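For reference, the chain that follows is the form deposited in one PDB entry, supplied as structure tokens.
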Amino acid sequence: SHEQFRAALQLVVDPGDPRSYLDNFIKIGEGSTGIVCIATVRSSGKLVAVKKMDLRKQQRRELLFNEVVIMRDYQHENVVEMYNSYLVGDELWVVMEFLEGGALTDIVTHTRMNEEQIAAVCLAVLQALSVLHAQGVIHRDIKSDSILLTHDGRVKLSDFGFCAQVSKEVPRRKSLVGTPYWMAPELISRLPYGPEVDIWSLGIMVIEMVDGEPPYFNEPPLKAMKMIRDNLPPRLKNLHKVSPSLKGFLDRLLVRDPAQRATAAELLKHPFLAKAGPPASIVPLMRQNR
């Protein structure tokens, strides 16, 4: 049953105990699939992040493979770097880069962002999504919560628990996964869907950065989901705070027809993204700076 998973892991993971070089573990967080900790590296004095998870008590064990097997070795400035993974008892530990700035979701709830800062975030996420989409990877869970910030103000994509690899021969997936408010129409349709569901989800994230919340966030998840499927492209509640430039950009992401919805490739050219400021424009927005 479970020790078949254990055995496959032992192919992948680096062997040996990461306690041979890691200590002063401290809990950051948790999102059901495991606990997450900060730990110090003895040899060098640096901090890392460590996701730990017991193999037996995982329920969508399938997904546990997807982060490790996909995320292992993708080189990208705007993606969260995995260092190693280890088998430690009946537990998988994954060691990652530690982003000091935390999630963007902390920022969008408390403050409102200007367009320079919005453009930067979008730029970073589109750079990363273009490559991931250039190698078959649909993230399938884009939202402010899965964006992390360095102290420099750099933006990196993470939280690949739900990602899926896709190819020339089977170019779509069926599986109903994601966060409701952020899921595309076709995904709730139970239709086959491609790497464009990232783009809709991104659009919903822009509405997060401008409004503070996504559409229908008052509703229950089941209500909101028919609403996104059935009804029109949702709209910015604060349309008046927003450029015609950004408004255009946004109208090319929230296309309900998937066919004519735009692409990381395409969107990387748009005039909206030339407003993007450097990493330093983002710093002030953080909790140490607020």
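Note that the rigid core is defined as the largest set of C-alphas that superpose within 1.5 Å between two forms. Start at 1 and count along the sequence shown; that's the residue number.
This protein has a second form, the form deposited with a partner chain bound, left out of what is shown; the following refers to that one.
- Every residue in the set 162, 176 and 179 has a non-hydrogen atom no more than 4.5 Å from the partner chain in the bound PDB entry.
- A single residue from the set 238, 43, 231, 59 has any heavy atom within 4.5 angstroms of the partner chain in the bound PDB entry; that residue is 59.
- The contact with the partner chain in the bound PDB entry, taken as any heavy atom within 4.5 Å, belongs to 144 out of 127, 158, 85, 144.
- The closest non-hydrogen atom of residue 105 lies within 4.5 Å of the partner chain in the bound PDB entry.
- In the bound PDB entry, the partner chain sits within 4.5 Å of a heavy atom of residue 32.
- For the chain shown alone, residue 198 is not a contact residue for the partner chain in the bound PDB entry, no non-hydrogen atom being within 4.5 angstroms.
- At the 4.5 Å threshold, heavy atoms of residue 183 reach the partner chain in the bound PDB entry.
- The candidate stretches are 128-136, 144-152, 115-123, 73-81, and the one lying within 4.5 Å of the partner chain in the bound PDB entry by heavy atoms is 144-152.
- Of the residues 247, 235, 56, 223, just one CA atom moves 2 angstroms or more between this form and the one not shown under rigid-core superposition; it belongs to 56.
- After superposition on the rigid core, displacement of the C-alpha of residue 263 between this form and the one not shown stays below 2 Å.
- Once both forms are fitted on their core, a CA shift of 2 Å or more is seen for residue 89 between this form and the one not shown.
- After superposition on the rigid core, displacement of the C-alpha of residue 47 between this form and the one not shown stays below 2 Å.
- The pair residue 73 and residue 48 is looser in the bound PDB entry: their Cα-Cα distance rises by no less than 3 Å compared with this form.
- In the bound PDB entry, the separation between the C-alpha atoms of residue 46 and residue 73 grows by 3 Å or more relative to the displayed form.
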